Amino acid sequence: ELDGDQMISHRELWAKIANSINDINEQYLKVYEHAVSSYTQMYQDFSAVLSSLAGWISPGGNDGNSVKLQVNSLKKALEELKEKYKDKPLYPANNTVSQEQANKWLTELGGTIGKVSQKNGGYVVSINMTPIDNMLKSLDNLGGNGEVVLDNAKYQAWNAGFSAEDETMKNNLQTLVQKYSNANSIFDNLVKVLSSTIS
């Protein structure tokens, strides 16, 4: 299928290289850029919830360290977070793609960061909100109705799992940022290789 005898003018070569550089920017770099931007915004809003949590935790019980946790306030904050990003996917930025295109980018970004979701007849790679869903299930398992008092043992157990899901989102965001950095360098190197064919 390789044909070494195929001839191309230098002018045709310049235009084909230009066309390919544009395609790779539109279909690869800009895709990564929006995915990073979307996850970054989600984790920024989660971090505001984190700041708000300090107001939802306060000394409780009688003498000593018990913690009163405003569970319904935290619960609705995380529910509103999921609701804000239901329609802000990692890919694509606008409209939808086919299932194969979505699965392709699901694989590239990672099945723990994204999740393929059907919008209309088309598909998107949504932000995978499993860490938030885990926090909400864990909150519902604290029981109580609205507000719960947690002794040291139960506060430490709840907080350890909550922080681990926060850490997971941080790890996810770090991996996405590193992948976008690498994609930028893959693009730079492709430009250099293609330009070398003109040398």
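The first residue of the shown sequence is 1; numbering continues from there. In this text, the rigid core denotes the largest set of C-alpha atoms whose superposition between the two forms falls within 1.5 Å.
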| query | finding |
| --- | --- |
| Larger mean CA deviation from the shown form in 5 other deposited structures of this protein [core fit; 48-56 vs 35-43] | 48-56 |
| More variable segment, 12-20 or 179-187 [Cα RMS over structures in 5 other deposited structures of this protein, core-superposed] | 12-20 |
| Other entries omitting residue 62, at least a third | yes |
| Selected stretch [higher average CA B-factor]: 52-60 or 145-153 | 145-153 |
| Given 117-125 and 76-84, the range whose Cα B-factors average higher in the PDB entry | 117-125 |
| Which of 139, 31, 173, 164 ranks first by CA B-factor in the deposited coordinates | 139 |
| C-alpha B-factor winner, where the candidates are 37, 130, 66, 47 | 66 |
| Third of the chain's Cα B-factor distribution that residue 110 belongs to, per the entry | highest |
| Ranked against its chain, the third holding the CA B-factor of residue 90 | lowest |
| Chain-relative CA temperature factor third for residue 70 | highest |
